[PDB]
Each structure stands twice: as C-alpha cells, then as structure tokens.
Amino acid sequence: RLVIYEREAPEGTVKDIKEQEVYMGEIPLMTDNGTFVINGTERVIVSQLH
Amino acid sequence: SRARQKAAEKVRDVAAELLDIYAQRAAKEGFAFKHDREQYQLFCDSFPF
Amino acid sequence: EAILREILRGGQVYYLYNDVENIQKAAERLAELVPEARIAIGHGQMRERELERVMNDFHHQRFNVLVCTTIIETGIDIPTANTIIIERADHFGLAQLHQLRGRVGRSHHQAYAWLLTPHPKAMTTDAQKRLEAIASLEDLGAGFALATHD
Amino acid sequence: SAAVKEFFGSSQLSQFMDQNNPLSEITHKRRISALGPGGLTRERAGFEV
Amino acid sequence: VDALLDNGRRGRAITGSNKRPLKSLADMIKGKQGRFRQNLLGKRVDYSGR
Amino acid sequence: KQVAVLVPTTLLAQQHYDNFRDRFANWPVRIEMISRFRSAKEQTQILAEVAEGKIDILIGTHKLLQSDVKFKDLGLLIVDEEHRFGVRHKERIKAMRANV
DNA sequence: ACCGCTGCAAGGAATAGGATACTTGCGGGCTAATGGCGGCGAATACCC
DNA sequence: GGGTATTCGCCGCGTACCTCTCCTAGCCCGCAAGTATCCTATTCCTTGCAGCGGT
RNA sequence: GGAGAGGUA
C-alpha cells in the first residue's frame with residue numbers, strides 16, 4: 001500500500017493511496033515430514049546451535 | 001514491459017564495400033601538391049602567434 | 001563542500017546527471033542540499049528556446065549551478081564554469097570523460113573535477129578499469145595514452 | 001527469490017538427506033550442527049567444544 | 001612485463017572477468033599447484049585397483 | 001582543390017566558420033558553411049554552386065554526406081572531433097574520390 | 001468625380017512539432033569475517 | 001641518533017577413497033547525447049482586392 | 001575445473 005503526501009499541504013497529509021497484490025519470492029514449503037524438495041532432491045535444514 | 005526482444009539486423013553488408021573503397025584508394029595515386037615558400041610564408045605571417 | 005568551494009570562488013558549476021526523467025527531482029534534491037546556490041535546469045529535450053535562454057542566462061551569470069545531461073559535451077565557452085560534478089560516473093564513455101574534463105579549465109584559475117562513484121563492488125569491473133585509468137592520468141599530453149586505455 | 005533460493009539450495013546447513021532408513025531420516029532431521037554461518041570451524045575448534 | 005612474470009607482485013593486479021586475477025609465469029611455479037610440488041605430490045597411476 | 005570541412009554538430013561548425021573566415025582574411029578564397037540552420041533556399045544555391053566551385057572551403061555537419069553534394073574537384077578532406085561518424089559516414093566522402 | 005491610401009482576405013510560405021531512420025557510449029534484464037597457533041616483517045614505542 | 005624488547009597483522013596451516021550438490025555471461029533494449037529527412041499543421045508574411053478620402 | 005556438505009578407514 002503506497003501513501004503519497006500532497007506537496008501543497010503541510011507535512012503529513014494524503015494526496016491519494018493505492019494498493020495491489022504484489023508478488024515477491026517463491027519460498028519453499030516444508031512437507032508433512034520435514035523435507036524441503038528443492039530440485040527434485042529432498043533436502044533438510046539442520047538446526048544450528050550457535 | 002514493452003521493451004522485450006527480437007529485432008534483426010544485417011539488412012546491408014558493409015565489409016565488401018569497405019574493401020572496395022580501400023582497394024580503390026590503394027589502386028589509384030594521390031595528388032602531388034605544390035608548395036610555395038613565400039606565398040606560404042605570407043600566410044604564416046597572418047598567424048599572430 | 002565542492003559546491004561551496006566553487007560558489008565562494010564566484011564561478012559556476014556544471015553538475016551533470018544525464019537522465020531527463022528525474023532531473024527535475026534531482027534539482028531540488030541538490031537545491032535544499034545547498035540552499036544558497038542558484039539552480040536552473042537544462043537538457044537537450046526542451047522546446048529549443050528555453051534551452052538557449054538557460055545557456056545565455058548562464059553566460060550572463062544569472063545563476064550558479066546548472067543541472068544537465070551531456071548537452072554540455074558540445075563544448076561551449078564560459079570558462080567561469082570551473083567544476084564538473086558527474087553524479088553517476090559509472091555509465092559514461094571514457095573518451096567523453098576526458099572531453100568533460102576538458103570542459104572545465106580554460107583559465108588561469110585552478111579548475112576542479114569530482115567524479116562521483118557508486119560503491120566499488122557494486123559497479124562493473126570495466127567501470128573500475130575506466131576509473132582507475134582516469135585516476136592514474138591527470139596531466140597535459142595524457143589524452144592519447146588515455147585513448148590507449150580506451 | 002535469489003536470497004531464499006541461495007540459502008535453501010547452497011548453504012552449509014541445507015544438506016542432503018540420508019534416506020536409507022526411516023531412522024536415518026528421522027535422526028538427520030534432528031541433527032544439532034555447530035557449524036555453518038555464524039558458527040565455529042571444522043578444523044578450528046579446541047578440545048573444549 | 002612485470003604483470004607477465006609475476007602478476008600481483010604489485011599491489012595492483014590486472015584481471016579478466018569476475019575479479020579473479022590472471023595466472024602468471026609465477027603461478028605455474030608458485031605454491032601448492034605448480035610444476036614443483038605436483039611431481040612430488042600424488043600422481044594417479046595406471047595398473048591399479050582397490 | 002576545393003577543401004571540404006566536416007564536423008559532427010552545428011555549434012562546432014559555427015566556431016569553425018569564424019575561425020576560417022577570420023584567418024583567411026586576405027586571400028581570394030570564399031568560405032561557407034551548411035547545416036540545418038541554413039535555409040533551403042540558401043542550401044539550394046550553396047550546394048549547386050559547389051559544382052560550379054567558387055566556394056573553395058565548405059564546412060558542415062552530415063549534410064555534406066547526403067548523396068547530392070558534388071564537388072567539382074575534391075582535394076582535401078578535413079574531419080574534426082573524430083570519435084563519432086561510425087565508419088560509413090567516415091568513408092562515404094572518400095567513396096566520391098578514391099585518392100582524396 | 002477618380003486615383004491614392006488603407007484595412008482586410010487570402011495564399012502561400014516558413015517554421016515548430018512530432019514522427020521516422022542513422023551515429024557514439026554503456027549498463028540492466030535477461031536468456032544462455034568477528035570460536036586459533038606460529039614466524040616474521042612492520043611497526044614500533046622504549047630506554048639509552 | 002640508536003640498540004632493544006614488543007606487539008600486531010599477513011599468511012601458512014597438513015593421508016587414501018566414495019557419494020551428492022551448488023557454480024556465471026554476453027547481448028538487445030533501454031537511456032542520454034547528436035545528426036539527418038518528412039509531413040503537417042500552423043502561424044506568419046506578403047500580396048492583392050474592397051472601400052473610403054479628399055480638395 | 002572449482003567451493004560446500006556428508007560417509008568410510
């Protein structure tokens with residue numbers, strides 16, 4: 001959602017505001033067990049201890 | 001988005017014509033110019049430097 | 001501080017941006033950055049009378065900093081202009097880099113030239129080679145070997 | 001997409017399953033690794049860790 | 001010529017693409033992959049099994 | 001030998017016209033220019049007169065290389081501010097006279 | 001009364017605007033490291 | 001100046017085999033210049049007729 | 001051809 005402040009008015013006012021469903025990224029989904037299927041292979045992220 | 005792809009080229013060859021003009025230059029002989037000492041010196045005099 | 005160094009000398013500044021769609025915004029972006037400079041706009045796509053007005057008013061010192069495209073590359077007079085600020089020297093041909101370095105100068109006054117760079121790892125490797133070449137050679141007689149760098 | 005695919009594809013942690021059991025799957029899904037980004041080094045860890 | 005014989009002996013080392021510096025006539029002699037340690041290191045041999 | 005001058009803009013032609021005219025201020029030589037800034041009625045006499053040839057020095061932009069300019073005896077090409085002009089515009093004049 | 005002079009109709013003429021196709025450059029998008037030890041030069045700072 | 005301890009960064013970091021996955025690069029179209037034509041339309045400049053002046 | 005993960009001895 002984009003806000004545009006109208007220049008003529010003082011600091012912080014609304015000319016108009018638009019909105020649309022932007023798409024960004026293809027996040028992998030975990031399966032029902034634990035596996036992330038990445039390239040037809042079946043990877044697993046291990047928990048890191050730091 | 002209307003900036004995608006797909007324009008062709010090579011509507012007219014250059015290489016043959018460049019070779020032609022270069023061969024034509026290297027075939028004929030250039031002009032042997034004539035130089036005048038004092039006439040060129042009077043032109044040098046017009047140079048105020 | 002580059003703009004201030006030029007204006008309290010008294011001459012004028014070529015500030016070149018080379019994108020006409022946003023040069024209007026870049027004008028005020030520079031203008032509240034230096035509130036005491038006088039900024040007008042000039043580029044090759046105006047109505048071919050306001051351009052001449054801008055350049056002649058520039059020629060009569062009516063304002064200090066000119067935001068411009070590479071229209072100035074046509075090699076105008078007014079040696080009082082003594083500082084080039086190329087805002088994005090990433091995308092500019094090295095021969096006309098030398099040409100724009102020739103634009104300032106023309107005077108006994110010591111001209112200046114700041115070539116703004118983006119962050120060094122962001123840019124093209126070829127741009128880095130270009131900028132190392134232009135940072136190596138700052139003399140007279142160095143135009144030709146700079147073409148051997150081209 | 002580049003940032004998430006680089007991590008899910010090529011990291012020190014997103015590793016290939018041993019699938020030659022049910023046991024080897026279910027104990028490779030609980031490995032507590034002390035390596036990878038922000039961690040210590042395979043060759044450069046003392047006798048204390 | 002100073003880049004030919006040993007590129008990178010200078011602080012400035014000229015490269016090609018992707019900022020990897022070129023191999024010089026030092027680099028086929030320098031280090032752990034030169035012509036000096038390779039004969040001394042393991043060379044795979046014919047007529048063998050495992 | 002009908003010197004021909006080529007520059008890649010109108011402005012450089014404009015300074016060159018001053019330079020040529022002011023330096024050749026004492027010799028029987030007629031020097032002119034052509035660009036888009038010249039009117040057609042001036043173009044139609046300048047380029048026609050080039051065939052006649054009392055103009056010996058002619059300055060201009062790409063307007064010279066417009067496949068209509070006919071120098072009666074071309075003897076010298078001078079071209080300024082080189083790194084423009086492609087290749088075709090560079091040798092399109094030499095196509096007229098092989099040993100220019 | 002009738003050329004003499006003026007104001008307006010027109011017509012062409014010239015010129016801005018906005019197309020097109022040509023050159024230089026060059027990039028942008030796009031397909032095609034802060035969990036270690038040791039030696040040594042640098043760089044000391046340090047007492048003489 | 002000048003011997004002398006001292007520290008700090010730069011760079012080396014130690015067998016053989018097997019398995020699996022990740023890797024970047026040139027160019028077409030865009031941008032900015034610049035130049036030419038080509039209609040068009042659109043105002044501008046110039047001319048010629050309509051109509052009143054007058055002494 | 002390289003980097004990374006594992007596994008054996």
# chains A, B, ... in the order shown; residues from 1 in each chain; ligands from 1
>>> residues_around(residues="residue 38 of chain A", least_positions_apart="3", cutoff="12 Å", atoms="only C-alpha atoms (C1' of nucleotides)", output="ChimeraX atom specification")
/A:26-31,35,41-45 /D:4-10,14-17 /H:21-22
>>> interface_residues(of="chain F", to="chain G", cutoff="7 Å", atoms="only C-alpha atoms (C1' of nucleotides)", output="list in words")
residues 84, 85 and 86 of chain F
>>> write_last_selection(atoms="N, CA and C atoms", output="PDB file, in the first residue's frame")
ATOM      1  N   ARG F  84      32.953   9.829 -33.545  1.00  0.00           N
ATOM      2  CA  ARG F  84      31.558   9.887 -33.946  1.00  0.00           C
ATOM      3  C   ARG F  84      31.517   9.130 -35.263  1.00  0.00           C
ATOM      4  N   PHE F  85      30.516   9.420 -36.091  1.00  0.00           N
ATOM      5  CA  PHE F  85      30.652   9.269 -37.537  1.00  0.00           C
ATOM      6  C   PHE F  85      30.662   7.835 -38.053  1.00  0.00           C
ATOM      7  N   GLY F  86      30.572   6.847 -37.165  1.00  0.00           N
ATOM      8  CA  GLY F  86      30.579   5.433 -37.499  1.00  0.00           C
ATOM      9  C   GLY F  86      31.777   5.071 -38.346  1.00  0.00           C
TER      10      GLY F  86
END
>>> atom_distance(atom1="atom CA of residue 10 of chain E", atom2="atom CA of residue 146 of chain C")
21.2 Å
>>> atom_distance(atom1="atom CA of residue 28 of chain B", atom2="atom CA of residue 99 of chain F")
6.2 Å
>>> atom_distance(atom1="atom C1' of residue 34 of chain G", atom2="atom CA of residue 31 of chain E")
28.5 Å
>>> select_by_dssp(residues="segment 47-121 of chain C", states="helix (DSSP H, G or I)", output="PyMOL selection string")
chain C and resi 50-59+70-74+94-101
>>> interface_residues(of="chain E", to="chain H", cutoff="12 Å", atoms="only C-alpha atoms (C1' of nucleotides)", output="number ranges by chain")
E: 17-18, 31-32, 41-42, 44, 49-50
>>> write_last_selection(atoms="N, CA, C and O atoms", output="PDB file, in the first residue's frame")
ATOM      1  N   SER E  17      37.794 -11.413 -16.044  1.00  0.00           N
ATOM      2  CA  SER E  17      36.412 -11.313 -15.609  1.00  0.00           C
ATOM      3  C   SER E  17      36.271 -11.733 -14.153  1.00  0.00           C
ATOM      4  O   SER E  17      37.078 -12.512 -13.640  1.00  0.00           O
ATOM      5  N   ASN E  18      35.249 -11.178 -13.494  1.00  0.00           N
ATOM      6  CA  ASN E  18      34.738 -11.585 -12.184  1.00  0.00           C
ATOM      7  C   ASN E  18      35.805 -11.369 -11.097  1.00  0.00           C
ATOM      8  O   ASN E  18      35.792 -12.022 -10.053  1.00  0.00           O
ATOM      9  N   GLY E  31      53.663 -22.126  -5.287  1.00  0.00           N
ATOM     10  CA  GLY E  31      52.608 -22.637  -4.436  1.00  0.00           C
ATOM     11  C   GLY E  31      52.418 -24.131  -4.499  1.00  0.00           C
ATOM     12  O   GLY E  31      53.336 -24.897  -4.816  1.00  0.00           O
ATOM     13  N   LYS E  32      51.203 -24.557  -4.173  1.00  0.00           N
ATOM     14  CA  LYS E  32      50.910 -25.963  -3.968  1.00  0.00           C
ATOM     15  C   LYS E  32      50.352 -26.636  -5.212  1.00  0.00           C
ATOM     16  O   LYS E  32      50.042 -27.831  -5.166  1.00  0.00           O
ATOM     17  N   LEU E  41      53.937 -34.453  -5.254  1.00  0.00           N
ATOM     18  CA  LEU E  41      52.660 -34.880  -4.707  1.00  0.00           C
ATOM     19  C   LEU E  41      52.197 -36.188  -5.334  1.00  0.00           C
ATOM     20  O   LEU E  41      52.897 -36.825  -6.125  1.00  0.00           O
ATOM     21  N   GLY E  42      50.998 -36.591  -4.950  1.00  0.00           N
ATOM     22  CA  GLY E  42      50.414 -37.777  -5.515  1.00  0.00           C
ATOM     23  C   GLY E  42      50.061 -37.595  -6.970  1.00  0.00           C
ATOM     24  O   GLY E  42      49.402 -36.624  -7.342  1.00  0.00           O
ATOM     25  N   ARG E  44      48.134 -39.917  -9.903  1.00  0.00           N
ATOM     26  CA  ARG E  44      47.387 -41.152 -10.085  1.00  0.00           C
ATOM     27  C   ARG E  44      48.127 -42.047 -11.055  1.00  0.00           C
ATOM     28  O   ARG E  44      48.846 -41.562 -11.928  1.00  0.00           O
ATOM     29  N   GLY E  49      44.268 -51.064  -8.463  1.00  0.00           N
ATOM     30  CA  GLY E  49      42.941 -51.450  -8.047  1.00  0.00           C
ATOM     31  C   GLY E  49      42.756 -51.145  -6.583  1.00  0.00           C
ATOM     32  O   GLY E  49      43.681 -50.716  -5.897  1.00  0.00           O
ATOM     33  N   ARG E  50      41.551 -51.401  -6.102  1.00  0.00           N
ATOM     34  CA  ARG E  50      41.199 -51.083  -4.731  1.00  0.00           C
ATOM     35  C   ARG E  50      40.044 -51.957  -4.301  1.00  0.00           C
ATOM     36  O   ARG E  50      39.057 -52.078  -5.034  1.00  0.00           O
TER      37      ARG E  50
END
>>> interface_residues(of="chain B", to="chain G", cutoff="12 Å", atoms="only C-alpha atoms (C1' of nucleotides)", output="list in words")
residues 1, 3, 4 and 5 of chain B
>>> write_last_selection(atoms="C-alpha atoms", output="mmCIF file, in the first residue's frame")
data_model
loop_
_atom_site.group_PDB
_atom_site.id
_atom_site.type_symbol
_atom_site.label_atom_id
_atom_site.label_comp_id
_atom_site.auth_asym_id
_atom_site.auth_seq_id
_atom_site.Cartn_x
_atom_site.Cartn_y
_atom_site.Cartn_z
ATOM 1 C CA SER B 1 7.337 -4.329 -20.100
ATOM 2 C CA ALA B 3 10.904 -3.480 -24.131
ATOM 3 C CA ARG B 4 11.369 -7.202 -24.614
ATOM 4 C CA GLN B 5 13.407 -8.552 -27.523
#
>>> closest_residue(among="A:21, A:10, A:39, A:15", to="chain H", atoms="only C-alpha atoms (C1' of nucleotides)")
A:39
>>> residues_around(residues="residue 44 of chain D", least_positions_apart="5", cutoff="12 Å", atoms="only C-alpha atoms (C1' of nucleotides)", output="PDB file with N, CA, C and O atoms (P, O5', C5', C4', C3', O3' and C1' of nucleotides), in the first residue's frame")
ATOM      1  N   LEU D  35      28.168 -25.980  13.098  1.00  0.00           N
ATOM      2  CA  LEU D  35      28.920 -25.393  12.000  1.00  0.00           C
ATOM      3  C   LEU D  35      28.035 -24.420  11.225  1.00  0.00           C
ATOM      4  O   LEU D  35      26.916 -24.104  11.628  1.00  0.00           O
ATOM      5  N   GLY D  39      29.071 -19.587  13.033  1.00  0.00           N
ATOM      6  CA  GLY D  39      29.456 -20.641  13.941  1.00  0.00           C
ATOM      7  C   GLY D  39      30.938 -20.930  13.838  1.00  0.00           C
ATOM      8  O   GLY D  39      31.682 -20.243  13.141  1.00  0.00           O
ATOM      9  N   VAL D  49      34.978 -27.646  23.025  1.00  0.00           N
ATOM     10  CA  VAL D  49      33.643 -27.654  22.449  1.00  0.00           C
ATOM     11  C   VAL D  49      33.331 -29.013  21.834  1.00  0.00           C
ATOM     12  O   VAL D  49      32.164 -29.395  21.720  1.00  0.00           O
TER      13      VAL D  49
ATOM     14  P    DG G  35      36.208 -14.706  16.849  1.00  0.00           P
ATOM     15  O5'  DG G  35      35.087 -15.722  16.310  1.00  0.00           O
ATOM     16  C5'  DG G  35      35.444 -17.033  15.862  1.00  0.00           C
ATOM     17  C4'  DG G  35      36.099 -17.832  16.975  1.00  0.00           C
ATOM     18  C3'  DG G  35      36.688 -19.177  16.554  1.00  0.00           C
ATOM     19  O3'  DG G  35      37.895 -19.380  17.225  1.00  0.00           O
ATOM     20  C1'  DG G  35      35.182 -19.502  18.305  1.00  0.00           C
ATOM     21  P    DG G  36      39.265 -19.457  16.401  1.00  0.00           P
ATOM     22  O5'  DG G  36      39.884 -20.850  16.853  1.00  0.00           O
ATOM     23  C5'  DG G  36      40.394 -20.998  18.156  1.00  0.00           C
ATOM     24  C4'  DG G  36      41.837 -21.424  18.092  1.00  0.00           C
ATOM     25  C3'  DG G  36      42.813 -20.482  18.780  1.00  0.00           C
ATOM     26  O3'  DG G  36      43.966 -21.212  19.140  1.00  0.00           O
ATOM     27  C1'  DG G  36      43.283 -20.497  16.521  1.00  0.00           C
ATOM     28  P    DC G  37      45.009 -20.650  20.222  1.00  0.00           P
ATOM     29  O5'  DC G  37      46.412 -20.988  19.565  1.00  0.00           O
ATOM     30  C5'  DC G  37      46.657 -22.292  19.102  1.00  0.00           C
ATOM     31  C4'  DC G  37      47.961 -22.345  18.352  1.00  0.00           C
ATOM     32  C3'  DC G  37      49.055 -21.444  18.920  1.00  0.00           C
ATOM     33  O3'  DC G  37      50.260 -22.188  19.049  1.00  0.00           O
ATOM     34  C1'  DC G  37      48.746 -21.012  16.607  1.00  0.00           C
TER      35       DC G  37
ATOM     36  P    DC H  13      48.479 -24.020   3.350  1.00  0.00           P
ATOM     37  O5'  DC H  13      48.346 -25.408   4.142  1.00  0.00           O
ATOM     38  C5'  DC H  13      47.362 -25.571   5.173  1.00  0.00           C
ATOM     39  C4'  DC H  13      48.034 -25.766   6.522  1.00  0.00           C
ATOM     40  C3'  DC H  13      47.114 -26.140   7.681  1.00  0.00           C
ATOM     41  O3'  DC H  13      47.029 -27.562   7.821  1.00  0.00           O
ATOM     42  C1'  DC H  13      48.334 -24.209   8.262  1.00  0.00           C
TER      43       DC H  13
END
>>> select_by_dssp(residues="segment 34-95 of chain C", states="strand (DSSP E or B)", output="MDAnalysis selection string")
chainID C and resid 39:42 65:68 81:86
>>> interface_residues(of="chain F", to="chain B", cutoff="7 Å", atoms="only C-alpha atoms", output="PyMOL selection string")
chain F and resi 95+98-100
>>> residues_around(residues="residue 11 of chain G", least_positions_apart="5", cutoff="12 Å", atoms="only C-alpha atoms (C1' of nucleotides)", output="list in words")
residues 44, 45, 46, 47 and 48 of chain H
>>> residues_around(residues="residue 10 of chain H", least_positions_apart="2", cutoff="10 Å", atoms="only C-alpha atoms (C1' of nucleotides)", output="list in words")
residues 40 and 41 of chain G; 8 and 12 of chain H
>>> residues_around(residues="residue 33 of chain H", least_positions_apart="4", cutoff="8 Å", atoms="only C-alpha atoms (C1' of nucleotides)", output="PyMOL selection string")
chain C and resi 44+69-71
>>> residues_around(residues="residue 19 of chain G", least_positions_apart="6", cutoff="12 Å", atoms="only C-alpha atoms (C1' of nucleotides)", output="PDB file with C-alpha atoms (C1' of nucleotides), in the first residue's frame")
ATOM      1  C1'  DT H  37      14.659  13.802 -43.530  1.00  0.00           C
ATOM      2  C1'  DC H  38       9.291  14.117 -43.763  1.00  0.00           C
ATOM      3  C1'  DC H  39       4.765  15.561 -43.376  1.00  0.00           C
ATOM      4  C1'  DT H  40       1.672  18.514 -41.050  1.00  0.00           C
TER       5       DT H  40
END
>>> closest_residue(among="E:2, E:14, E:7, E:33", to="chain C", atoms="only C-alpha atoms")
E:14
